[PDB]
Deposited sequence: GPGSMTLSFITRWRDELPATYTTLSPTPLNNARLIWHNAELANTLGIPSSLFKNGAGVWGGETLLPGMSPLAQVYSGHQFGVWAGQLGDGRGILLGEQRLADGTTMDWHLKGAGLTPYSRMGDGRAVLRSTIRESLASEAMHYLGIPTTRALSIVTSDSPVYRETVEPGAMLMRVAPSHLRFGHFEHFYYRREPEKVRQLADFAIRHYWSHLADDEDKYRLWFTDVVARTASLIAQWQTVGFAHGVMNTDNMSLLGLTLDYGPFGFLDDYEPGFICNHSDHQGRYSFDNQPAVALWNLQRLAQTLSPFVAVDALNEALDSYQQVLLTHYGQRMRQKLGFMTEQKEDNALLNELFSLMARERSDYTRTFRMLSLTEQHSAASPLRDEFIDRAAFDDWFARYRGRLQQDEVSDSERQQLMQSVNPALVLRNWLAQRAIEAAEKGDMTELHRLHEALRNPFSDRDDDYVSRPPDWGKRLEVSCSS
């Protein structure tokens, strides 16, 4: 009753190795995404480790591991690839969409280099929570369908339980796929990937009547829009290597990510990123640098001129999306030219006071235009900014009430803070999944107000 196609396998020969998952020892299902399963037509009986542990294949699957390469922290890293994951198959939905089923933690692969081919419970829990949180914030992302843990030791800085995440996404194409064949000097394979992407994900483009310029122009726009959305909610990816950039503009590969607590533009959550390359405030520039690396691979068959014109459009797209999202977050229903100074003055203040990002915006969503009605060392500077902020609000001539409702629909009450995830992980390792299930539920409603500790700052 589920329909898998062998599209990648049949259309992109020599981009993968066929092979099967390696099962863990005493694997067992600890969580699965019941809502998403209903959307994908997966019978609920399939969840009672089976395919979620890579111990069974469903009819139509033909598992392979993809090859790719990448720049890592700005330096060419050579061959990478699906070193600890496997594309089990591609499921076609009634929508006509296809959805990759990718098993992360599936065992050793020809692409594992010196890696064990395994993922650990804590990283699979964090990735499931992050990708579902992102999805309910309305930001493009891969999705999490299931987690299995095991009794199989996996050694990181300490011994951890081996685990696997069943990841679901429209595609796993990365900028690094193109880079891989470009630097191997196989420009034909580069173009094969472009044509495949256009055929299956930009089919409204008529074949070669400007298809390549228009497609890459959309690729830029989707990455700019993705970054704009991360910035707005205070998400720091932390490992924006070119192999972790999704061609479609999906958030891809959750590792040492971080949603901001205290507002700090130079926030680094990846403690291996010693130069702060992937600090929060560099994500706009880094994503442009990554697009330029992708643009490098297409110069054999796309005019270097059209490539730079598409690269040129990046900062206007990003600024359009960011500006429209911020105006909503500040409750600006119209657009006055006071807006950029009020913003710049807010972010300057928030930074000096180390204000919590999410909480500040959610509290600002209670503002009443005519009232002056506490978290700042310099209350003098706040009430002066708040004063000029509320005066500009009155210019909208819209009610206290509908501004508040607009803001509450774009400023979440809850984000996936590191200490909420940690708490679910600690409980999970002890065999209590209740916290994990409770937190996943809460993240399906980020814009709804809460009474519990899911909306508090971390305890310190």
Gaps relative to the deposited sequence fall at 1-5, 54-55, 381-384, 472-482
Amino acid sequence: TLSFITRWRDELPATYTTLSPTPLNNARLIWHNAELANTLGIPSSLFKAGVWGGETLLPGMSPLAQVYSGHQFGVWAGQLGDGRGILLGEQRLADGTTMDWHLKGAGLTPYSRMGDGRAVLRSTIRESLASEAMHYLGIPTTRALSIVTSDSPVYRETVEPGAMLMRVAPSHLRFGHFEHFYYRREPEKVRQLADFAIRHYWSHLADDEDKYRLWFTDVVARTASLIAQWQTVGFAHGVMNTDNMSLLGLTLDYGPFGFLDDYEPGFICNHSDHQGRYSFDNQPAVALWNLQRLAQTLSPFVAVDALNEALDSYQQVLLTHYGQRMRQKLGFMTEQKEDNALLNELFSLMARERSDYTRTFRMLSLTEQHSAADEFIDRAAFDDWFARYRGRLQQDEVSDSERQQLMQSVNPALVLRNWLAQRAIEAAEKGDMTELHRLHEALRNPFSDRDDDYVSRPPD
From here on, numbers count along this sequence of modelled residues.
Where do the C-alpha atoms have the higher mean temperature factor in this entry, in 237-245 or in 155-163? 155-163
Can you let me know which of the two, 180-188 or 284-292, has the higher average C-alpha B-factor in the entry? 180-188
For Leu173, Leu87, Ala372, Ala224, the deposited C-alpha B-factor is largest at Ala372
Tell me, please, which of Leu80, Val317, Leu205, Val304 has the highest C-alpha B factor according to the deposited entry? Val304
Chain thirds of CA B-factor: placement of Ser128: lowest
Sort the modelled residues of this chain by their C-alpha B factor and say whether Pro412 lands in the lowest, middle or highest third. middle
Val67 - Cα temperature factor, lowest/middle/highest third of chain: middle
Would you please rank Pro59 by its C-alpha temperature factor against the other modelled residues of its chain and give the third it falls in: lowest, middle or highest? middle
According to the PDB entry, is the CA B factor of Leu311 in the bottom, middle or top third of its chain, that is, lowest, middle or highest? middle
